[PDB]
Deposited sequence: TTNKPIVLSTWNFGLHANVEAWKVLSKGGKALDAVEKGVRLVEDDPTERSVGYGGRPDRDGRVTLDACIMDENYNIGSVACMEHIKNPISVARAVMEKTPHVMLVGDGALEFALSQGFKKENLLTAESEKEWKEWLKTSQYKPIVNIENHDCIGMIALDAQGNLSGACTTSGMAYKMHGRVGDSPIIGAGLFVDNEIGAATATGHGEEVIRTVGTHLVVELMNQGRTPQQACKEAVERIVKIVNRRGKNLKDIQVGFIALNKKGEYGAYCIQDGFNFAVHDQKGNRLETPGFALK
């Protein structure tokens, strides 16, 4: 088993991986490593994809989505939540502190406040400017720690200029994220609507359950999506979707509909940016 190991989506996953390796290289839990890792990006306003500098919906509202899942089937999710910069951490409080698994809208913000989170203005002057002119989709991270346990986190501000209330795949278990500790974990990126439609990351893990490698599982799930966009008469060039995956032995893999997605991998060989296979 290659352990510990962290994978995350896109370029900024290199930096996010350096914060998760601070937990993982000291033998900490994968759950804490993935929360620390993506919170780095939630905190950054120059990151316009995720949390604090996130582009608003069409009414000028920054509403965020995130979920988390640990090594023992516990899950928490928040979607369309406002004024709280770290939605991954309110999702961990839903998991840990409530008999529920998903809170949305105003009820997710009331619970965040009840848990001590601070209400902040998430709309930067740059984002408000571009919104009124208009008038890296997410970060997913999955890790295997030194006890050989898996956990994952996915967080986003959604599609810029989305309709007020729109929820994508990032807060939905089995679409932006799925973790089964006797099999493997996977997270998704892309047009969320398409990951929800195919229930993406649950399909990738179940293909690893049926004996596939992580890269093979990612590839066949992308090929199933390619088949369905053809069935729906859609043009593939308009749609993008990538998956990254990890199994229990620390083997990892990725694949996407189209070229140009990349992911960051940090194990005891160091941290690097790799470029997956692509269908189109």
Checklist entry - Missing C-alpha stretches, by deposited numbering? => result 1, 137-149, 295
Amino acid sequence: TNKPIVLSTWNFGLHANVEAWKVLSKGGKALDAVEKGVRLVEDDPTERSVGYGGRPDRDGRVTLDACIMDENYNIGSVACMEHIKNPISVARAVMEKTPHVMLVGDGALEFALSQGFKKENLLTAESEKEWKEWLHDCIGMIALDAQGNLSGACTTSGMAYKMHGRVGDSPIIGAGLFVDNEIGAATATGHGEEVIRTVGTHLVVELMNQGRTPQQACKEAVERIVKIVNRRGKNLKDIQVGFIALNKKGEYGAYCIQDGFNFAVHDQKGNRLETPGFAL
From here on, numbers count along this sequence of modelled residues.
Checklist outcome for this item: Once average C-alpha B-factors are taken from the entry for 65-73 and 233-241, the winner is 233-241
Checklist outcome for this item: Averaging the C-alpha temperature factors as deposited, the higher value of 171-179 versus 118-126 falls on 118-126
Checklist entry - Looking at the C-alpha B-factor of residue 226, is it in the lowest, middle or highest third of its chain? => result highest
Checklist entry - If you rank every modelled residue in this chain by C-alpha B factor, which third holds residue 201: lowest, middle or highest? => result lowest
Checklist entry - Lowest, middle or highest third: where is residue 189 by Cα B-factor in its chain? => result middle
Checklist outcome for this item: Entry-reported C-alpha B-factor of residue 137 relative to its chain, by third, is highest
Checklist entry - residue 147's Cα B-factor: lowest, middle or highest third of the chain? => result middle
